[PDB]
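What follows is a set of notes on a single structure, which appears directly below.
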Amino acid sequence: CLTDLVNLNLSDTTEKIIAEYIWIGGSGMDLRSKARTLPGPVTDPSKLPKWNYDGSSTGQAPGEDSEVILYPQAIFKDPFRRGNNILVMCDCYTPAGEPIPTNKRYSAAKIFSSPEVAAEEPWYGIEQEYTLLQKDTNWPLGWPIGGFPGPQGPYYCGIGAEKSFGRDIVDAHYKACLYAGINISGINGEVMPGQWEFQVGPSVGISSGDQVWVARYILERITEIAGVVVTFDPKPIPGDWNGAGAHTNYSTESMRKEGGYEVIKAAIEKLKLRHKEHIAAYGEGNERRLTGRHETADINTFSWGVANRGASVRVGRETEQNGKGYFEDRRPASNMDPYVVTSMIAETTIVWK
Amino acid sequence: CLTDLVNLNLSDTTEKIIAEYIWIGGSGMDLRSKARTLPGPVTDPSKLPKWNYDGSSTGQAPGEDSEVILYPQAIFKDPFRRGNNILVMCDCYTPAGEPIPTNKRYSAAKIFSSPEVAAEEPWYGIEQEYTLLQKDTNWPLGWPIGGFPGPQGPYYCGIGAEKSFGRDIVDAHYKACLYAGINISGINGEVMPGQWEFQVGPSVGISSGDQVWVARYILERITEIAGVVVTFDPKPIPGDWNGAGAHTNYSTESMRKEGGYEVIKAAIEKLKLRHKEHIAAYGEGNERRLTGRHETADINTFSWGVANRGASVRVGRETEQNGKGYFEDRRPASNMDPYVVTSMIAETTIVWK
Amino acid sequence: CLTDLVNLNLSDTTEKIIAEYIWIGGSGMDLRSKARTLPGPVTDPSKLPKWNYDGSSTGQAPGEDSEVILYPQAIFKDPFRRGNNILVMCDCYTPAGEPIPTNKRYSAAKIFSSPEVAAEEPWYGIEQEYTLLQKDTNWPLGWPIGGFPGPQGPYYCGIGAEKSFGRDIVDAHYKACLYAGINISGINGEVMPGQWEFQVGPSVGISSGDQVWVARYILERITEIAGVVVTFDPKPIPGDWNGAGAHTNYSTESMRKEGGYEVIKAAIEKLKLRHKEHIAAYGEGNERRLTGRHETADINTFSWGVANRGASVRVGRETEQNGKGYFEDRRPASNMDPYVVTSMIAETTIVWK
Amino acid sequence: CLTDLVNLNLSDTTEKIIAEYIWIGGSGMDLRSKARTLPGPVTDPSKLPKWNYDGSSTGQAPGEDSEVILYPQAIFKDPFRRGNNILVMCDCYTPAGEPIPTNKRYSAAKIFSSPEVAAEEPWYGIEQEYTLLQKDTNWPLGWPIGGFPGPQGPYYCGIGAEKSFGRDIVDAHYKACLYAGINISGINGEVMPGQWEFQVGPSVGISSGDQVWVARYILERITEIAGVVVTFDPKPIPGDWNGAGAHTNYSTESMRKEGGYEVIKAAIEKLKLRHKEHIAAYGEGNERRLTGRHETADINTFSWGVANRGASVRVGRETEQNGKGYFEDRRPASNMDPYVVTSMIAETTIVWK
Amino acid sequence: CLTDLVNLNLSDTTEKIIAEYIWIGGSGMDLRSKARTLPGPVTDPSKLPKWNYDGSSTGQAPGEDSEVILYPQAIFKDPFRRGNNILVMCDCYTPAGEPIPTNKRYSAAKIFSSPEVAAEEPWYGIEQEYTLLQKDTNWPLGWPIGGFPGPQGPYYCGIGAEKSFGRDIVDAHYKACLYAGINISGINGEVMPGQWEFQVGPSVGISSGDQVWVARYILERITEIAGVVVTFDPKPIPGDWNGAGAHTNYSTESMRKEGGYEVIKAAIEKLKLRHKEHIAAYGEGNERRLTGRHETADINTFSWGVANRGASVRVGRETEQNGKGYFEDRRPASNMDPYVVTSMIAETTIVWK
Ligand SMILES: Nc1ncnc2c1ncn2[C@@H]1O[C@H](COP(=O)(O)OP(=O)(O)O)[C@@H](O)[C@H]1O
Ligand SMILES: Nc1ncnc2c1ncn2[C@@H]1O[C@H](COP(=O)(O)OP(=O)(O)O)[C@@H](O)[C@H]1O
Ligand SMILES: Nc1ncnc2c1ncn2[C@@H]1O[C@H](COP(=O)(O)OP(=O)(O)O)[C@@H](O)[C@H]1O
Ligand SMILES: Nc1ncnc2c1ncn2[C@@H]1O[C@H](COP(=O)(O)OP(=O)(O)O)[C@@H](O)[C@H]1O
Ligand SMILES: Nc1ncnc2c1ncn2[C@@H]1O[C@H](COP(=O)(O)OP(=O)(O)O)[C@@H](O)[C@H]1O
Ligand SMILES: C[P@](=O)(CC[C@H](N)C(=O)O)OP(=O)(O)O
Ligand SMILES: C[P@](=O)(CC[C@H](N)C(=O)O)OP(=O)(O)O
Ligand SMILES: C[P@](=O)(CC[C@H](N)C(=O)O)OP(=O)(O)O
Ligand SMILES: C[P@](=O)(CC[C@H](N)C(=O)O)OP(=O)(O)O
Ligand SMILES: C[P@](=O)(CC[C@H](N)C(=O)O)OP(=O)(O)O
Ligand SMILES: [Mn+2]
Ligand SMILES: [Mn+2]
Ligand SMILES: [Mn+2]
Ligand SMILES: [Mn+2]
Ligand SMILES: [Mn+2]
Ligand SMILES: [Mn+2]
Ligand SMILES: [Mn+2]
Ligand SMILES: [Mn+2]
Ligand SMILES: [Mn+2]
Ligand SMILES: [Mn+2]
Ligand SMILES: [Mn+2]
Ligand SMILES: [Mn+2]
Ligand SMILES: [Mn+2]
Ligand SMILES: [Mn+2]
Ligand SMILES: [Mn+2]
């Protein structure tokens with residue numbers, strides 16, 4: 001029957017390939033994709049033809065001038081179609097070669113090409129938290145309808161049927177990602193029952209943004225299979241329940257070398273000064289998450305400390321004791337555009353004075 | 001149990017083959033098929049025996065003179081029975097060798113054999129849109145019964161459980177088709193939730209028609225497996241919801257060579273003059289689709305433009321900028337007979353003056 | 001679909017590994033785990049990097065000083081993720097290298113390193129009994145809701161649908177454990193319908209504790225898959241229904257050699273004197289189990305005998321008739337921390353006089 | 001069985017009475033009630049004993065000083081218990097005779113006792129709109145779960161099963177209210193499917209506030225019976241669906257006498273000047289309702305007109321043509337405290353200059 | 001519980017009355033109603049105050065000039081609210097006293113006031129056929145979903161569970177109507193399973209129209225209670241299944257007196273000449289019903305005969321044999337506006353020459 005067809009091995013019959021072009025839609029938060037057949041395997045992004053789609057249907061163009069252009073930027077193996085088929089992360093342009101307003105990759109690319117940044121070779125590990133929800137009722141997975149599970153406490157990194165909801169989805173994603181070639185560093189059950197996390201491990205500059213988006217694309221496709229819905233809303237349930245963020249861990253060449261801890265403090269300092277303008281691009285709805293309770297710092301103050309999950313930035317015990325490592329900006333929400341957060345951190349930390 | 005039997009590998013036990021003869025029924029819109037055993041593998045259509053069926057049961061013949069004859073025309077691998085078994089696309093005739101009124105392949109074959117057409121070597125890519133429906137209630141897949149989903153917008157090329165209904169079926173079909181040997185160029189989720197699309201990529205003359213029909217046959221067989229119903233009705237739900245069409249993309253030898261864009265304009269021009277008579281054969285119910293809203297042009301006007309999804313014909317940005325390519329006739333409905341549309345375009349575009 | 005992704009073989013695509021760090025949480029009875037990617041296979045515990053987690057979320061640290069450190073101590077193969085992926089049993093410390101109050105491995109390690117203990121090379125076989133419960137109602141698997149099955153009698157080591165509930169889970173676990181490298185000696189259906197047992201066979205000193213914990217981790221993960229709940233509560237149902245214990249079988253070098261039976265009696269003797277203080281660490285709720293009925297001895301008396309399941313300690317017919325073997329301390333409850341019971345027995349039996 | 005007991009006629013057995021004391025709770029939007037037995041029928045409010053309740057449980061007092069006092073203010077017949085039993089609308093005070101912060105009846109009473117207001121003898125008709133919701137899912141009655149009914153249009157004052165949801169409840173309420181002695185002037189199905197309205201007809205000064213609250217109490221008690229939930233949230237569903245308000249119709253002695261239309265215009269004028277401060281007390285969430293679409297006027301502008309449902313105030317065709325009547329302030333939300341809106345209008349309209 | 005409240009007898013507690021004003025909405029086919037309280041019983045229409053409603057919500061007025069006026073024209077007892085409560089049939093006007101375009105009572109009233117018509121004192125019996133449908137699926141009551149019952153034949157005037165669907169509703173209606181004061185002459189099960197009929201017996205001129213509308217109002221309210229949907233669509237199911245009409249039986253003074261049969265033939269004759277223009281106002285969709293099969297006459301021909309259910313007009317055996325009676329115009333569809341058909345027959349039959 002149905003899975004025999006979806007899992008057909010094509011290699012036995014043609015050289016042809018299926019490429020799934022992924023892009024980001026009109027809201028800056030919606031992933032979209034379509035697929036095309038290509039005549040043979042491809043490993044280099046610049047050897048893939050450009051393409052277009054109906055921008056008038058994604059809120060990015062008018063009906064009379066509907067075409068919007070897709071620039072292939074990164075290739076990953078398609079864990080769904082398997083064999084030689086591929087996912088292609090994309091960039092969006094007018095037919096005139098202008099990047100459209102919702103393309104935030106272009107700006108970020110410039111910052112990561114700019115040679116004083118490139119030389120610092122920044123590293124990002126981003127911690128994507130999300131929440132799983134029952135289709136149609138829109139209530140968190142594992143929660144009874146019109147009710148709540150036991151209070152927070154046993155859920156964080158837990159095991160068992162009354163504690164841990166949807167490991168299925170999570171472990172699936174983890175391998176999918178690995179197979180695809182995403183640098184995924186690890187996963188964990190989070191504090192609010194039904195909330196999970198994966199980390200896209202230390203990735204350089206632009207490719208961090210690319211990998212987080214593709215990882216999210218894979219997550220949602222998996223949840224789609226499962227008949228479950230994901231939100232990246234930073235505070236999906238009001239009251240005594242954790243919000244969800246996208247912690248950004250960060251380091252520069254000079255931060256991970258001898259006496260980098262000094263560079264770290266100095267970077268934090270610069271961040272303190274540009275808190276206000278960082279918050280503004282750190283994803284919407286954040287006001288509902290950053291309250292000072294539930295392992296956040298208040299939106300209005302900026303703070304930092306060592307093992308302090310109540311602070312705006314946190315520095316690992318390990319990197320303190322070694323005088324070198326990385327720090328964690330805990331401010332960005334789970335619905336953060338990594339392109340924006342990732343480059344803005346480099347900019348406020350290297351370029352600006 | 002049941003799938004062990006349906007998936008038996010016959011190769012281990014005989015040389016014998018199963019051929020599924022497919023034809024088009026009395027309404028010109030209903031596919032029909034039966035199967036026979038053949039003594040060994042066959043790769044050439046003319047080496048398959050002709051056959052007959054009970055036309056009195058498909059509305060094509062009377063009871064007392066019931067026999068109607070099947071001419072094998074194209075072979076494809078059967079993605080259901082797998083191994084060496086085959087699908088055989090067919091043509092319909094009286095025992096006297098007359099093509100029956102519902103055989104539109106014969107006319108089309110003549111036009112594509114006619115040497116001034118053949119030399120121009122026309123190319124067609126056809127975009128089959130369709131809609132998936134819940135068995136028995138006849139309401140679109142994923143829609144709640146006696147109600148509607150959220151308004152159009154997030155569905156086009158979307159991902160996730162609350163957005164994307166029946167990817168299962170779609171991805172299955174895609175591989176099925178590839179395996180079978182249909183030149184299928186790509187797929188995508190369409191604008192109305194539950195509506196999808198596949199494209200039968202650039203195919204020459206008569207074989208375009210053959211492949212579209214066989215692709216439709218595979219689609220409906222898959223939906224059958226799934227316990228879901230397909231309509232090719234061009235406007236299945238009334239009101240603020242997309243209709244479904246069968247866009248025909250077209251090019252001639254001279255159109256894809258240097259300065260073909262001029263030939264394109266001239267062809268469009270000829271099309272403008274024969275709009276009235278094209279509409280008449282562009283599938284029934286089209287009046288309900290072509291309204292000027294929802295990415296169509298009004299039935300009564302003819303128009304064209306560059307990236308204009310509101311026009312009767314559209315010319316890609318890419319082919320404009322290259323002075324050579326193809327244009328898209330957006331007029332045909334999803335229930336179009338590709339034999340009719342495909343040849344009628346060649347006729348109005350090459351032969352007539 | 002979903003199990004195709006969870007069962008992806010990673011070996012075909014990278015050298016990378018997934019390690020699941022397991023630890024024991026704030027209540028001393030809750031297992032917790034998270035996973036990370038490592039660059040290649042690892043077989044030695046000391047070659048695994050140390051790690052940390054949010055102790056503020058497991059009741060082990062404050063929010064402002066939240067980091068707690070994980071020391072890898074034992075590696076086993078992950079029977080879930082399979083291939084080269086691993087489970088890593090852990091130990092808990094402050095960033096200052098202090099063992100936290102809930103780390104009972106550290107104390108036990110000292111006792112088993114201490115050279116007069118090491119030389120006696122103690123052996124432990126521990127019999128983990130547990131009960132399976134329906135999710136949400138929290139009533140034993142196979143029991144009708146708000147009611148009881150037939151009285152005890154046909155359930156112990158039974159077979160058939162009306163007698164034996166959840167063998168599925170049990171047999172799964174058994175192989176899981178073997179695969180993982182736990183020395184699991186055997187399994188059996190227990191006396192109360194829905195209650196089962198596995199034995200972690202003769203294991204030396206500290207590794208007994210390690211293996212029991214990891215075996216429990218595997219059990220609960222399996223039940224999680226099954227949509228069923230486990231309790232290690234020593235007496236889950238009040239009345240005429242068996243409780244659950246963690247019998248510890250024990251032997252020293254000198255006990256299993258010629259005329260060890262004398263050493264056995266002498267050990268029992270020492271145990272009689274420290275009954276009071278053993279009970280106190282033999283797991284909470286034990287008062288509800290050890291009643292003198294249902295194959296226990298009363299908490300307040302200490303007793304021993306030969307084939308006597310009504311005594312506090314029991315000595316096998318086999319080891320009596322051979323003048324050498326091991327004895328069974330039937331006192332510990334099913335929710336016993338094996339680190340505590342296992343070393344406390346060595347201490348009261350070798351060191352103290 | 002159960003309704004035989006609930007409907008027992010007590011008259012046949014004692015003179016005793018049951019009085020249900022109703023009051024308004026800590027949030028200023030939550031009705032609360034408890035019942036006591038009284039020795040014989042009572043018709044005058046001042047002949048009912050005062051009472052108290054646990055304010056610490058309604059967010060109105062601390063635990064150590066928990067008593068809050070209830071002043072009977074209005075009697076109505078209890079339509080649930082029937083016979084001679086009564087509902088008693090209440091007022092809230094400290095034991096020291098201070099009105100508590102959430103008692104808005106006291107202020108309003110003062111304004112309606114103040115002799116220049118009393119002499120003008122103001123009249124209020126208030127139009128309570130509300131929405132009916134499915135228990136637990138919190139989605140509007142008659143809507144399919146995770147979906148929407150047909151667009152607005154056939155619902156307003158409609159009849160039939162596919163159009164009209166919960167008439168049951170509505171018609172019940174209507175008679176309940178009449179029986180009770182509420183001056184209820186009429187009912188109607190509103191624009192958004194599942195939304196209804198009742199009017200508390202022309203009532204003088206303080207008693208308008210009293211009757212609206214008691215009418216709301218009766219409504220919710222009825223929906224409680226039905227196993228359905230009510231919201232007075234002014235905009236329960238986002239998007240192309242009506243919000244809900246509490247239109248206040250108003251007239252003074254001088255407005256309903258010869259050439260009152262002049263007094264009306266002058267009153268409107270005064271209202272224009274105090275729009276800002278009226279909005280602030282016209283119920284919370286109003287920003288989400290008053291948008292200028294769906295028969296509201298934008299929160300930021302003030303406007304008036306004759307038959308204009310798009311304006312902030314509307315004057316009936318009937319009262320224009322007669323040079324005398326009443327005008328409709330369409331600004332208050334459905335969650336308005338009538339005590340506050342009702343007196344504030346008298347104050348801005350008579351006292352202030 | 002709920003029916004105790006809906007059936008409260010108000011007479012025991014006030015003199016007050018509930019009046020349900022009914023009118024016809026923007027489509028000319030949708031009934032609408034709302035209710036008001038009146039101070040005492042009323043028996044004469046002209047003693048009821050006029051009223052208004054929001055025409056902007058029924059498609060009859062703009063938002064800025066929203067008021068539309070209701071003229072009470074006929075009173076009937078409300079069979080739902082019972083006691084002294086009343087239904088009030090209405091007429092629609094601008095505030096300027098113009099009848100709105102959808103008010104067809106005004107025209108008809110003129111024709112029935114015009115003294116040469118009045119003197120002929122026309123009589124109408126109209127046969128309302130309708131179909132009952134399952135809510136949400138919109139498939140006829142008693143039909144299995146996605147299928148059909150046995151072929152027509154045993155359904156007409158049938159009895160039994162496999163033959164007769166919804167008698168409940170029907171018998172309820174019948175008494176309701178009688179109670180209300182509608183001159184309802186009789187009922188019967190019709191030919192297509194799930195289709196019924198009632199007749200509004202011999203009623204004079206304008207009051208026929210009034211009574212048919214109010215009868216329809218009562219029908220749909222009843223079906224609403226039942227959780228069932230009604231259509232007056234003339235041909236709800238395509239194929240071998242009866243359509244639904246609104247046969248109009250007609251007689252004038254001179255037709256029911258000695259040798260009226262001559263006047264009858266002459267009237268028929270006049271009708272033959274104005275068939276074309278009668279058809280145009282005889283309700284929309286009629287083309288799908290009037291086919292010449294299933295007891296209709298073809299739309300394009302006009303015919304008459306004696307006991308002929310295949311003709312456009314039919315004359316009873318009884319009135320033929322008596323040389324005096326009435327004839328049956330079988331042409332109007334079930335969705336006919338009786339005001340239009342009823343007066344148009346008088347006009348073509350008396351006034352015009
Ligand atoms: N030097 C570094 N610079 C930037 N990121 C790093 C560095 N070292 C490790 N990381 C990344 O930071 C991430 C932190 O993940 P996790 O263990 O969830 O963080 P936390 O415990 O702070 O929540 C991992 O992706 C890791 O790849
Ligand atoms: N040069 C050509 N001549 C005719 N058909 C072509 C030509 N080039 C491409 N096609 C086909 O026409 C189809 C276009 O489909 P699609 O990608 O859906 O276009 P749209 O932008 O209208 O969605 C594809 O099959 C494409 O391969
Ligand atoms: N000499 C020994 N020292 C420690 N454990 C032993 C020794 N001999 C056997 N065992 C173990 O004791 C356990 C046997 O448990 P089990 O069959 O449940 O005992 P019983 O059923 O008699 O109460 C297993 O751990 C077995 O591997
Ligand atoms: N003179 C008056 N002054 C104040 N309110 C009045 C006066 N006359 C009537 N009312 C009341 O105002 C309320 C408006 O009800 P309704 O007819 O539903 O309003 P709308 O037409 O705005 O829906 C009713 O209670 C009506 O009886
Ligand atoms: N002289 C008349 N004029 C008008 N209607 C009449 C006259 N005599 C009887 N009727 C009525 O005509 C209607 C008859 O419809 P019905 O009994 O269903 O007839 P059929 O057998 O034509 O279906 C009823 O209102 C009946 O009372
Ligand atoms: C549990 P936590 O300590 C806090 C993050 C939290 N889920 C949030 O509100 O951002 O996450 P992590 O940073 O260890 O992943
Ligand atoms: C979304 P669309 O732009 C328009 C097709 C539409 N479903 C129709 O009504 O013909 O499809 P395509 O051009 O990407 O083929
Ligand atoms: C029959 P049993 O003695 C069961 C022991 C009992 N569940 C308990 O409460 O100790 O089995 P074994 O493990 O001792 O062989
Ligand atoms: C039809 P409407 O104008 C509705 C206005 C709307 N429901 C709202 O206040 O938001 O109410 P009413 O005045 O007829 O009661
Ligand atoms: C039996 P019939 O011809 C039914 C009318 C038929 N269903 C139609 O299409 O008009 O009418 P009657 O019994 O009501 O006169
Ligand atoms: Mn983390
Ligand atoms: Mn986290
Ligand atoms: Mn973190
Ligand atoms: Mn397309
Ligand atoms: Mn399309
Ligand atoms: Mn197209
Ligand atoms: Mn045992
Ligand atoms: Mn046991
Ligand atoms: Mn034992
Ligand atoms: Mn109103
Ligand atoms: Mn209203
Ligand atoms: Mn109003
Ligand atoms: Mn009849
Ligand atoms: Mn009839
Ligand atoms: Mn009739």
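Numbering starts fresh at 1 for the residues of each chain in the structure tokens, the chains themselves are lettered A, B, ... in the order given, and ligands are numbered from 1 as they appear.
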
Skip residue 28 (chain E) itself and residues of its chain fewer than 5 positions away, then list as a list in words all residues within 10 Å of it, counting only C-alpha atoms.
->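 Within the cut-off, the hits are residues 23, 101, 102, 103, 104, 335, 336 and 337 of chain E.
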
Give me a file of those residues, with N, CA, C and O atoms, as a tab-separated table (two decimals), in the first residue's frame.
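Full text of result.tsv as output:
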```
chain	number	residue	atom	x	y	z
E	23	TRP	N	-40.24	38.94	9.37
E	23	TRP	CA	-40.22	39.59	8.05
E	23	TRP	C	-39.43	38.82	7.02
E	23	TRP	O	-38.84	37.81	7.33
E	101	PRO	N	-37.64	47.21	-2.25
E	101	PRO	CA	-37.74	46.37	-3.44
E	101	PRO	C	-38.16	44.93	-3.16
E	101	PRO	O	-38.77	44.29	-4.01
E	102	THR	N	-37.86	44.42	-1.97
E	102	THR	CA	-38.11	43.00	-1.62
E	102	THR	C	-39.44	42.74	-0.95
E	102	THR	O	-39.79	41.61	-0.65
E	103	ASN	N	-40.17	43.83	-0.72
E	103	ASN	CA	-41.53	43.81	-0.22
E	103	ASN	C	-42.46	43.58	-1.39
E	103	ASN	O	-42.70	44.47	-2.20
E	104	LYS	N	-42.98	42.37	-1.48
E	104	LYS	CA	-43.89	42.05	-2.56
E	104	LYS	C	-45.34	42.00	-2.07
E	104	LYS	O	-46.26	41.68	-2.85
E	335	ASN	N	-40.26	27.22	-3.98
E	335	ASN	CA	-39.60	28.43	-3.48
E	335	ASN	C	-40.23	29.72	-4.02
E	335	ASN	O	-39.66	30.82	-3.95
E	336	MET	N	-41.41	29.57	-4.56
E	336	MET	CA	-42.28	30.65	-5.00
E	336	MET	C	-42.57	31.64	-3.88
E	336	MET	O	-42.74	31.26	-2.74
E	337	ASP	N	-42.63	32.91	-4.20
E	337	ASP	CA	-43.14	33.84	-3.21
E	337	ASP	C	-44.63	33.87	-3.42
E	337	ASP	O	-45.06	34.28	-4.47
```

Contact residues around region 168-184 of chain A with only C-alpha atoms at 7 Å, ignoring same-chain residues under 5 positions, as a JSON list (two decimals) with C-alpha atoms, in the first residue's frame:
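What follows is the written file selection_33.json:
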```
[["chain", "number", "residue", "atom", "x", "y", "z"],
["A", 76, "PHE", "CA", 21.05, 19.04, 2.35],
["A", 77, "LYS", "CA", 19.96, 15.44, 1.86],
["A", 78, "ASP", "CA", 16.19, 14.96, 1.96],
["A", 79, "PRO", "CA", 15.50, 12.62, 4.84],
["A", 199, "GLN", "CA", 20.49, 22.62, 19.34],
["A", 200, "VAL", "CA", 22.11, 23.49, 16.02],
["A", 201, "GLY", "CA", 25.72, 23.05, 17.19],
["A", 211, "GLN", "CA", 20.75, 25.28, 9.13],
["A", 215, "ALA", "CA", 16.00, 22.16, 10.75],
["A", 218, "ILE", "CA", 12.29, 19.25, 8.86],
["A", 219, "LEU", "CA", 10.60, 19.57, 12.31],
["A", 222, "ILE", "CA", 7.73, 15.58, 10.76],
["A", 223, "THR", "CA", 4.98, 16.94, 12.98],
["C", 5, "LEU", "CA", 12.93, 8.07, 10.50],
["C", 6, "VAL", "CA", 13.40, 6.84, 14.09],
["C", 8, "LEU", "CA", 17.43, 5.50, 10.19],
["C", 10, "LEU", "CA", 23.30, 6.73, 10.49],
["C", 13, "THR", "CA", 26.14, 8.79, 6.22]]
```

Counting only C-alpha atoms and all ligand atoms, what residues are within 6 Å of ligand 1, given as a PyMOL selection string?
-> (chain A and resi 123-127+185+199-202+249-251+325-326) or (chain C and resi 53)

When the cut-off is 6 Å and you count only C-alpha atoms and all ligand atoms, which residues lie near ligand 15, shown as a PyMOL selection string?
-> chain B and resi 129+190+197

Write out as a PyMOL selection string each polymer residue (protein, DNA or RNA) that has an atom no more than 9 Å from ligand 6, with only C-alpha atoms and all ligand atoms counted.
-> (chain A and resi 127-130+156+188-192+195-199+234-235+241-247+289-290+293-296+309-310+328+330-334) or (chain C and resi 53-57+63+66)

Tell me, counting only C-alpha atoms, for each residue of chain E within 6 Å of chain D, which pair of atoms is nearest and how far apart they are in Å to one decimal, in rows ordered by chain and increasing number, as CSV.
```
residue,atom,partner,partner_atom,distance
E:5,CA,D:172,CA,5.1
E:6,CA,D:172,CA,4.5
E:32,CA,D:158,CA,5.0
E:33,CA,D:157,CA,5.2
E:34,CA,D:188,CA,4.9
E:35,CA,D:186,CA,5.2
E:36,CA,D:186,CA,4.0
E:37,CA,D:185,CA,5.0
E:63,CA,D:309,CA,5.7
E:64,CA,D:308,CA,4.0
E:65,CA,D:307,CA,4.7
E:66,CA,D:307,CA,5.4
E:67,CA,D:307,CA,5.6
E:220,CA,D:160,CA,5.5
E:221,CA,D:160,CA,5.9
E:224,CA,D:161,CA,4.2
E:227,CA,D:161,CA,5.5
E:229,CA,D:161,CA,5.9
```

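Separating CA of residue 61 (chain B) from CA of residue 209 (chain B) is a distance of 24.2 Å.
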
From region 99-348 of chain C, collect each residue whose DSSP state is helix (DSSP H, G or I) and return the set as number ranges by chain.
-> C: 105-113, 115-118, 167-180, 206-226, 253-256, 260-273, 275-279, 286-289, 317-321, 338-348

All residues 10 Å or closer to residue 324 (chain E), only C-alpha atoms, same chain fewer than 4 positions away omitted, as a ChimeraX atom specification = /E:251,254-264,318-320

Picked from region 42-101 of chain E by DSSP as strand (DSSP E or B), as an MDAnalysis selection string = chainID E and resid 51:54 67:77 86:93 99

Give me a file of those residues, with C-alpha atoms, as a short mmCIF file (atom, residue, chain, number, x, y, z; two decimals), in the first residue's frame.
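Output saved as out_7.cif:
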```
data_model
loop_
_atom_site.label_atom_id
_atom_site.label_comp_id
_atom_site.auth_asym_id
_atom_site.auth_seq_id
_atom_site.Cartn_x
_atom_site.Cartn_y
_atom_site.Cartn_z
CA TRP E 51 -40.79 48.67 14.56
CA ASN E 52 -37.44 48.63 12.81
CA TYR E 53 -34.38 46.39 12.37
CA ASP E 54 -30.89 46.53 11.04
CA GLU E 67 -32.94 51.52 9.63
CA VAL E 68 -35.83 49.65 7.88
CA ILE E 69 -39.36 49.76 9.11
CA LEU E 70 -41.76 46.95 9.99
CA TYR E 71 -45.50 47.27 9.56
CA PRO E 72 -47.50 44.72 11.47
CA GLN E 73 -50.05 43.14 9.08
CA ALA E 74 -51.28 39.88 10.63
CA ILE E 75 -51.40 38.35 14.09
CA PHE E 76 -51.26 34.64 14.95
CA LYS E 77 -50.85 32.83 18.25
CA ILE E 86 -48.07 36.21 19.37
CA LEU E 87 -46.43 36.01 15.94
CA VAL E 88 -46.70 39.13 13.81
CA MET E 89 -46.28 38.93 10.11
CA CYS E 90 -44.67 42.00 8.57
CA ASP E 91 -44.17 44.34 5.71
CA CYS E 92 -41.08 46.35 4.85
CA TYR E 93 -40.61 50.11 4.28
CA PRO E 99 -41.98 49.92 0.23
#
```

Counting only C-alpha atoms, what is within 8 Å of residue 338 (chain B), bar same-chain residues fewer than 3 positions away, as a list in words?
->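 Here the answer would be residues 208, 209, 212, 213, 341 and 342 of chain B.
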
For CA of residue 340 (chain D) and CA of residue 60 (chain D), determine how far apart the two atoms are, in Å to one decimal place.
-> 18.9 Å
